[PDB]
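Build me a model:
(chains A, B, C, D, E, F, G, H and I, ligands or ions: 2)
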Amino acid sequence: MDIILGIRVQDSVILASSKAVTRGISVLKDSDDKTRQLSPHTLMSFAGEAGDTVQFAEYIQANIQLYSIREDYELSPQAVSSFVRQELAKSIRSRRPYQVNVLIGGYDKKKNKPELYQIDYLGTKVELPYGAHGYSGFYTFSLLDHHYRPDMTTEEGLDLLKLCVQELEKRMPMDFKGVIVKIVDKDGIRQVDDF
Amino acid sequence: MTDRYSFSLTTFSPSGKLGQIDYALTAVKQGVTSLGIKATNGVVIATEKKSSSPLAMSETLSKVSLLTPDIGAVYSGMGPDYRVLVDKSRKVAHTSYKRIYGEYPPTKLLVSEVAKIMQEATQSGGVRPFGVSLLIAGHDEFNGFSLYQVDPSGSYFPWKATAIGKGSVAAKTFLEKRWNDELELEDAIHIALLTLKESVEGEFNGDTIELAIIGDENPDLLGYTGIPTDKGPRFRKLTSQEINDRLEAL
Amino acid sequence: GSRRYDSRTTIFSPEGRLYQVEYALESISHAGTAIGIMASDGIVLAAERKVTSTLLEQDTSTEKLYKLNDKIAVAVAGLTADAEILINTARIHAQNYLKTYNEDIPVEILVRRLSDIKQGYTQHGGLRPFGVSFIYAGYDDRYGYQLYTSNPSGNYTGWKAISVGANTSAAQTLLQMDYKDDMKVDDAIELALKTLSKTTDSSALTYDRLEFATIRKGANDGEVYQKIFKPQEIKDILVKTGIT
Amino acid sequence: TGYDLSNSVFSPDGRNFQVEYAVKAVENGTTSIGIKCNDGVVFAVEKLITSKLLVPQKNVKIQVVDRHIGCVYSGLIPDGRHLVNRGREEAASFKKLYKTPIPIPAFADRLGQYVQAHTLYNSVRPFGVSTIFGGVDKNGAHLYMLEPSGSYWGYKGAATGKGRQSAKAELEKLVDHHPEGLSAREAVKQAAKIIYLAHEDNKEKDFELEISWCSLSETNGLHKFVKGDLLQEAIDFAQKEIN
Amino acid sequence: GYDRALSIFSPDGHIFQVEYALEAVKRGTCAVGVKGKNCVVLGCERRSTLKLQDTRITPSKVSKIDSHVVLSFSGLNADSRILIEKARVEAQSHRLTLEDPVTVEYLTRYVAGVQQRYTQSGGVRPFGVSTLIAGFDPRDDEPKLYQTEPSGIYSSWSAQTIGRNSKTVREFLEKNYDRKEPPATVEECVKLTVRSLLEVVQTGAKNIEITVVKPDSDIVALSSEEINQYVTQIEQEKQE
Amino acid sequence: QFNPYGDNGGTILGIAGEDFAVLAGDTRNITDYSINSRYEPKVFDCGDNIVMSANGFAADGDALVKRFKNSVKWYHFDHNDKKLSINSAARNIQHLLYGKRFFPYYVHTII
Amino acid sequence: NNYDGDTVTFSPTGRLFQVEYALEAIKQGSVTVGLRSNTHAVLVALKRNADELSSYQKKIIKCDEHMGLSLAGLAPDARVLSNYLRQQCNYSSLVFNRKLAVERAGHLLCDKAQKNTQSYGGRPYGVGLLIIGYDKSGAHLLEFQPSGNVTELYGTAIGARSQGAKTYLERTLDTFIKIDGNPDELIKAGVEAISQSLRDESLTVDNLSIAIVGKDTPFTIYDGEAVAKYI
Amino acid sequence: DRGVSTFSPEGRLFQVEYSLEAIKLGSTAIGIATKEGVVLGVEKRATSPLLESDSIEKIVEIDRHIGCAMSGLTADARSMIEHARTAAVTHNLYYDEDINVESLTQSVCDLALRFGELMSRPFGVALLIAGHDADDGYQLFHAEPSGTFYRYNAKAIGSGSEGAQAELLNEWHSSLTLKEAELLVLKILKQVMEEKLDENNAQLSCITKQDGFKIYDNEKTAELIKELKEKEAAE
Amino acid sequence: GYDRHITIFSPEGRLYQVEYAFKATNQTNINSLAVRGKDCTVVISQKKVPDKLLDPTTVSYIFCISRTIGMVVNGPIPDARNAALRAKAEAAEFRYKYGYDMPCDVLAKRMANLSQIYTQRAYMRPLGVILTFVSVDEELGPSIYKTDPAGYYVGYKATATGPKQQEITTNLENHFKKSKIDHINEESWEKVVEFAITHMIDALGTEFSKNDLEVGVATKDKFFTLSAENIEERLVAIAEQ
Ligand SMILES: [Cl-]
Ligand SMILES: [Mg+2]
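Numbering: from 1, shown residues only, chains lettered A, B, ... in the order given. Ligands and ions are numbered 1, 2, ... in the order given. Shown next is the protein structure:
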């Protein structure tokens, strides 16, 4: 875990997540997908404490999938994010809290709008045009403050995202082994295979 | 050991009747007559003090009870059931309202809490329903004066005026003739005493009659001074002397 | 032991019926009639108060029609005390959903959960069922205007127009006769009152023996308004349709 | 009717028939007695020798509570044992908290409240024993008899079982003939006689005599069983009186 | 807690509460399951004493447990919701731990186990529900159709029916269904299912529901007009 | 602060032959620089031709041996007087020790 | 009649019918005999089979190295009670390094059976037990009844036709009590005792079950070819 | 009504005795123990021809060395099998060995009487537990809802039990081969079964030390059925 | 008719178990009486010791609940002692929690509330006893409060309980009609006890020895029972007048 980014553009949400899984002085894996599909038009990336991250992501995934079957209906990204926030808000005052930070990128089909939510392990939710967790934000936020425009296309968003990854590869101390990029739009979730 | 009665003692009969509630209402019918009348500037609740023995001190037995400074209650039916309901009703006014909002509950909501308690005795395991009907008179800032009846089922209805118990049928007919929407509190007390004389058989005086009002604030009954917003209880129990004064001009 | 006095409220008859559920329905059949009619631009709830006394305070009274949230209301038929237990649960369930998802609860979800509670009392616990039938009138952005009913069995169904309580057989025949799909709210208001007026056990239908409510989109632009009718408003609507 | 089918149910008389039915089980049992004396108490019981195969002296019925209280009972023997087990718990918790050994009146109410508690619910059965018990405490000697209802009183002499009326009649004579008091060693001998006299109401099977005693002078205020020479001396005294 | 043993043996060796729960199933609306060569079809009766219904929002008779398994039932409607909910939760729980969706046999075995538990648990009555559970195992094209009942027994069926007048439609299916050659196509399977319901139903209007399940989470419910076409076709061939 | 563990010293030694096995242990018991006993055995016959020693903290050692001896007894009751094989005993002892994984028996065990 | 619905109900004559019906289950059970001398105590049990294809129901259970019983009636109830005895014997050993006295063993069984006869919901135990043992006060033999009544005896028998063996032991009392330091002769007396309860059937090799405990003899059970000596 | 754990005047538990009547209504199950193995066979009894008979699972594996056949309310057996399997595997975990067949049966029978007012009623199913261990060799046990279990050389349970048991009485001897036992189960099943016996409505299984517990295929059983018919016609 | 076995309503709105508990009250066949003086409250009860083997000192239906409160029971002794022990525990707890001695009327209410619970809850039977509480309350002065199996309670000027309660009641009624006051106008408690015994003798029509009576006296800051010699001294005073 470490680097997870998110950029909401005109018609889609783009999530970039690092592929490295390090433990100690050994990179154990360099092709790790730090995300789960909660519903056809909702994707959650995650980063934080080992074990907690996946255990939490899959637990949320199961709950959202259960809801979808029960009601034969997809929950809005706003509704999913509120559910997730509450779960983390409970967790922080538990015996052992989930130390997991998440980004929830989704496309609201009723509004026909992309939505990006940033939620930390405390249960601190915010809707944003672009978001990041961990040390990544210290570089990407200022970069996006400058280069981001709200009416950008998905292709412009990917070029904007490349600019972030390049900066991180240049100035970050650790080798995060590149990123897996995924796009959430009206047609659902798809992965960019060449980044 | 332990309460093995975890099942309902009140159940539906083939005809759709809830037997124990019906029988509880029968117990209320046998009970002594009590009544309540709502005026424009107050409410009056009254009942006969049926003495079990002339050696018994009927002052020690209070059929009319203060629940909050602005709410009072009277009953017809089984006295012991009433007594515990008053205890629970007083406590619930604090636990479920005053300790949360820092003020006393309005009449309708306290009534609602009492109704809930009586409804649970109709459905919970190993209990019979309460064998009483309550008349709860009260005042609050946003609803003004109000009068409620609460039956063994847990149902409650707001009334302009009503009677319950022994001679309720005749007493209700009497109240229909006398009641209007322009009654002043003193006129309602007068009618209450007239209505109650019909049902009472033996002695009729301030010692055999129990009567309380929900009227103006009573700063003299507050017990302290210095807080302007605190003006005193609207509930006041009429004294044995105060009743006899009105019985002369009857 | 205590076995001797157990009624066994949650068992089957030889015919495969639930005694207590059947007897609870028999109880509800004597309760004041309640009618729900769903129009294309709103829903009407109409209910007859149980034999009113002239000294009953009519304006500050609530017997039949209750508000669950801003978008959903219910009409009650049966034991009022039982209904209020279930209503407070339903009100809480609605707020739990809003707190969790930051969205108002879909009508069916609320109805299902309340019906699931009733179901539980028929299968386990050894307690008597709730002697209550609801008519749920509500709106959400998925299905729009919806009418449901639930009964002591915990079984619920959706309706265009429906009655519960007394004389449902006669009331349902009259609704089935005059109802049509392109109906407006003001027409549904008239149908509801006309049906009660004919099926009533009373001599004549008056304002003091009725509770009335509408759920329209008659507010300002794309939002729903609940209107629990005042006594004077029922008096006017009763004159306007020519019943009194 | 049907008022007798459930425990804790009042009949229209105001009676608990289930408790009265438990008394019948007590009346069916063997005879047991208690004799209060000068500075202590004496307990005795009839043990029916059902068969030659019963080991003599090895089916002890009298039980000790703490170190200063003796208990004996007639009726359902297991029910009596359950009551004594409770008594021992009650006496232990008293000594634990208050240091001093439990006084006899205090102990009597502990059993009384416990037996009475078994008449309050239909989910328990009343005790099928009348329990004669007592001992020596700071205030001197005390003898008690406790019944299925939870009712108990202090006694000068007590008797229960199949030969209770015979034993009571014999007890009443001792109270009349000895107003100043009966000694501990005398009471042991009298206890033997009364059991032998009360055996006339249960005379098909022959029996085995068992005696115990508490006495401030003779046993130093502790409960002890009467054995050996003192027992045989009491048996011989009883044998001489029946003939 | 309420402890009473409601389900108990009788002198003749019967558990009446379980048997009376079967009577509730016999009262319920008819449900039929027919599995073809590459599909399963679930047909369901809907009683026509209820007009002025709202079919958009009224609970459908066939329920999706997962994207690849469905469940229809006969008997008490309120009871069925509890079984469906539990089954849906177990379906997601299985995906979470095994990293694979449930098999139809496993899901059936679970639902049947729940039903059985309520026949020897204190304070509860049995479910007045029999279910037909149909679908396709993950990465498998062999059709699966299972039946459960209040007692807790379950078994696989080439074709089966439950509910009121089920003995009549079972009679029909027993002679009309060939084991050696099941309905080769979707159309053939749906037609045989509709035919079997037409022996019992009344009218083929808004009384018959049909749901078709195909491999790899391919489930679709037929509309009124689509079903009515089968009804129209069958009646014309009948007049012969 | 109260320390629930102690060190009772000593040492043990197990050697296996072809048709025999030995389990040796010194008989000295100590705390700190003091001798508690010059003869306190800590190698026990547990039945079924199994000998056992749990050396380290004697209180834990005696507790374990006591529990295992009792385990052998109940193995007979529950399984028709079947002989507890040395391999089965070993596995049983693992569960005894691991049962207190988070408050261990401070002993080196040999059978 | 109306007072046998549960154990918590007394009859008008002061009887507990459920306890008496539990007692009846013992009378239906197969015969078993108990007897002792001053050095040894012996159990002899006639085992019963369902048919010729079935095994013979094991009647004797070991509780400790110095104690054990034989059963008559519901075997699962005997398993519960024997297991309880094993624990109580074992508690005495681990905590007090003390072999449980046979008398205390009886007291504990009495109190366990009693609680089931006074509470609603439960039922009495449907089995009778003969406990033998050798402790610090020599050899012992107990008879447990599920009413709660436990009795120490020189010899006894329970089960169907147990009156035959019980009469024999009542006659033989003076003989077998003095069979000291001789196991085989004390068993012979027990085998001859149980023979008085036999009708149509006789003692075979897989039918007879014998157990013994004594001064220098742990509680050991003999079945199969080991009891062929005594036929 | 009356208590669940009530004794009859004859000294029997009503509910246990009534559950035995339910077992008599159940389908026939037969077990035969030999020195070469233990054979278990059952009547499937499909209620309708549309029911896929291979889904009828009335013979079941508990461990590699222990098998089980059932009769009566077969739905009740699921939790019994689950317990048996857990008991078998748990013992292997604690002791690094196979569990004795008797010990397994005893563990299952401990559930039997854990009912009252624990579960609400006794089990309505009888079990034939067959297995092998190093101590007592090949064993067959009959486990009832009374909590009692008998070891048997051969045993039949279900509707045709008393007739089949009388037949097993005559036919069984201590030198039966496995093949002889297989045919004997098929022979006796065919006699007591209502419908005509074939590979689809009857199932065979066995447990041997070498190969463990094995349910036979419908192809394998069909040949044994054909071998059986020929041998009866041959004299 | 299981509505007569447990505390649920009959068709006519009655609780038969409560009514039958009232009949258990007179099972002992003992009459009690309570009156108030100026400074004191006196309670007297008949003492019947039929068996000669009984220790008469242990035969009592009067109880010392607290230092200030006394209680006499009409009903069987097991239920009487059950009620006494509870009242003692309640009075002790009250003092610990609220920092002052439990008043007689408050204890009466508390015990009455407990009795009420048994009339509503099914698993608990009513106690077949009538509890008469007496004290000299520090606020209300001389006090008599009585509790029954119905859960009813009320204060009394004076009262009587037992089989021949009505004869005693009217006897007292006629005295208070005559005296025109709520109490016995008397200085010493000794003479109030003499009044109580005198009027019981007149009402019941029987004479009493020292062992036929049992007397309890409540004064300020203590309640105490009288010995046989204290009563004998009192009986002599009545006889010599
Ligand atoms: Cl209280
Ligand atoms: Mg944040």
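
Give the closest residue to residue 47 in space, chain neighbours not counted.
Just so you know, I chose chain A. Nearest non-adjacent residue to residue A:47, counting by CB to CB, 6 or more residues apart in numbering or on different chains: residue A:1, 4.2 Å away. Heads up, the C-betas are built off the backbone N, CA and C, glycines and all.

wrong one, I was asking about chain E
Nearest non-adjacent residue to residue E:47, counting by CB to CB, 6+ apart: residue E:29, 5.7 Å away.

All the helices of chain I, in order from the start?
Taking DSSP state H as the criterion, chain I carries its helices at I:16-24, I:77-98, I:104-120, I:165-179, I:189-204, I:228-239.

Please apply the same query to chain F.
If you assign secondary structure with DSSP H, the helices in chain F sit at F:58-78, F:86-98.

Between the helices of chain I, which one is closest to chain C.
helix I:16-24 (12.5 Å; CB to the nearest CB).

Would you tell me whether that closest one gets close to chain D?
Yes. Contact of helix I:16-24 with chain D (CB under 8 Å from any CB of the partner chain) involves I:16-17, I:20-24.

just checking, what packs against the lengthiest helix in chain E?
Once chain E is assigned using DSSP H, the helix that runs over the most residues is helix E:77-98. Other elements packing on helix E:77-98 under the criterion 3 or more CB pairs under 8 Å, 6 or more residues apart in numbering or on different chains; DSSP states H and E are helix A:52-71, helix C:107-123, strand E:69-75, helix E:104-117, strand E:129-135.

got these as a markdown table, with distance to chain I columns?
As requested, these are arranged in a markdown table below (distance: least, CB to the nearest CB, whole Å):
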| stretch | distance to chain I |
| --- | --- |
| helix A:52-71 | 41 |
| helix C:107-123 | 20 |
| strand E:69-75 | 34 |
| helix E:104-117 | 29 |
| strand E:129-135 | 34 |
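
So which of those is the most surrounded?
When you average the neighbours per residue for each of the helices and strands packed on helix E:77-98 (mean count of other CB atoms under 10 Å in any protein chain shown), strand E:129-135 leads with a mean of 29.

next helix or strand past that one?
Sequence order places strand E:144-148 as the next helix or strand after strand E:129-135, per DSSP states H and E.

how much does that next one deviate in direction from helix E:77-98?
With axes from the mean of the first three to the mean of the last three CA atoms, to 10 degrees defining the directions, strand E:144-148 sits at 130 degrees from helix E:77-98.

re earlier: let me have the residues of helix I:16-24 next to chain D in a markdown table, adding neighbour count as columns.
Listed next are the residues of helix I:16-24 next to chain D as a markdown table, based on neighbours: other CB atoms under 10 Å in any protein chain shown:
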| residue | neighbour count |
| --- | --- |
| I:16 | 18 |
| I:17 | 23 |
| I:20 | 22 |
| I:21 | 27 |
| I:22 | 19 |
| I:23 | 16 |
| I:24 | 24 |
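
before we move on, back to that, ok, now how distant is the residue nearest to residue A:47 from residue A:19?
When distance is defined by CB to CB, to the nearest Å, residue A:1 is 11 Å away from residue A:19.

Neighbour count for the two, which is higher?
Ranked by neighbour count (other CB atoms under 10 Å in any protein chain shown), residue A:1 and residue A:19 place residue A:1 first, with 24 against 17.

what's near enough to touch that one?
Applying CB atoms under 8 Å, 6 or more residues apart in numbering or on different chains to residue A:1 gives the contacts A:18, A:21, A:34, A:46-50, A:53.

Please list only the buried members of those.
Neighbour-count burial within these applies to A:18, A:21, A:34, A:46-48, A:53; the criterion is 16 or more other CB atoms under 10 Å in any protein chain shown.

I'd like those as TSV, with secondary structure and distance to residue H:115 appended.
Output for the buried ones among the contacts of residue A:1, formatted as TSV (DSSP: H, G, I helix; E, B strand; the rest coil; distance: CB to CB, whole Å):
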residue	secondary structure	distance to residue H:115
A:18	strand	58
A:21	strand	52
A:34	coil	52
A:46	strand	48
A:47	strand	53
A:48	strand	49
A:53	helix	46
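
Can I get those residues in TSV including distance to residue I:116?
Conversion of the buried ones among the contacts of residue A:1 to TSV gives the following (distance: CB to CB, whole Å):
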residue	distance to residue I:116
A:18	71
A:21	69
A:34	65
A:46	60
A:47	63
A:48	59
A:53	59
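
C-alpha coordinates for stretch B:39-47, PDB please?
Written as PDB, here are the backbone C-alpha positions of stretch B:39-47 (Å, rounded to 0.1, in the frame of the first residue of the first chain):
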ATOM      1  CA  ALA B  39     -62.500  24.900  30.400                       C
ATOM      2  CA  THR B  40     -61.000  27.800  28.300                       C
ATOM      3  CA  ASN B  41     -58.500  28.800  31.100                       C
ATOM      4  CA  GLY B  42     -58.100  25.500  32.900                       C
ATOM      5  CA  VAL B  43     -59.000  21.800  33.400                       C
ATOM      6  CA  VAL B  44     -60.700  20.100  36.400                       C
ATOM      7  CA  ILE B  45     -60.500  16.500  37.400                       C
ATOM      8  CA  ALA B  46     -62.600  15.000  40.200                       C
ATOM      9  CA  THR B  47     -63.600  11.800  41.900                       C
END
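
Which positions in chain G make contact with chain F?
Applying CB under 8 Å from any CB, we find that chain G lies next to chain F at G:62, G:86, G:90, G:94.

give me the residue from chain C nearest ligand 2.
residue C:102 (17.3 Å; CB to the ion).

For that residue, give its distance to chain F.
42 Å (CB to the nearest CB, to the nearest Å).

what's the burial count for that residue?
Taking other CB under 10 Å as the neighbour definition, residue C:102 ends up with a count of 16.

quick one, what contacts the spatially most central residue of chain G?
Centroid-nearest residue in chain G, with CA atoms, centre = their mean: residue G:130, separated by 1.8 Å. For residue G:130, the contacting residues are G:32-34, G:43, G:69-72, G:141-144, G:156-158, by CB under 8 Å, 6+ apart.

all strands for chain D, in order.
Along chain D, the segments classed as strands by DSSP state E run D:32-37, D:40-48, D:63-65, D:69-75, D:129-137, D:140-146, D:152-154, D:157-160, D:207-215, D:223-225.

Now render these as a markdown table, adding mean neighbour count.
Compiled in a markdown table, the strands of chain D are given as follows (neighbours: other CB under 10 Å):
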| stretch | mean neighbour count |
| --- | --- |
| strand D:32-37 | 30 |
| strand D:40-48 | 27 |
| strand D:63-65 | 22 |
| strand D:69-75 | 28 |
| strand D:129-137 | 28 |
| strand D:140-146 | 24 |
| strand D:152-154 | 22 |
| strand D:157-160 | 30 |
| strand D:207-215 | 23 |
| strand D:223-225 | 20 |
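
Tell me which of the ones you listed sits nearest to chain I.
Proximity to chain I, assessed across the strands of chain D by CB to the nearest CB, is greatest for strand D:152-154 (3.1 Å).

what's the closest non-adjacent residue to residue G:116?
Residue nearest to residue G:116 in three dimensions, not counting chain neighbours: residue G:122, with 4.7 Å by CB to CB, 6+ apart.

Just the element for the one you found, please.
Assigned by DSSP H and E, residue G:122 belongs to neither a helix nor a strand.

give me phi/psi at it?
Residue G:122 adopts backbone torsions of phi -70, psi 180, taken as degrees, to the nearest 10.

my read: it touches residue H:5, true?
Yes. In this structure, residue G:122 sits in contact with residue H:5. The criterion is CB atoms under 8 Å, and the distance is 6.9 Å.

Next up, the contacts around residue 66.
You didn't say which chain, so I picked chain A. With the criterion set at CB under 8 Å, 6+ apart, residue A:66 makes contact with E:88-89, E:92.

switch to chain G, that's the one I care about
Applying CB under 8 Å, 6+ apart to residue G:66 gives the contacts G:99, G:133-135, G:213, G:218-219.

ok, what's across the strand from the spatially most central residue of chain D?
Taking CA atoms, centre = their mean, the centroid of chain D lies closest to residue D:132, which sits 2.3 Å from it. With DSSP bridges as the criterion, residue D:132 is bridged to residue D:72, residue D:145.
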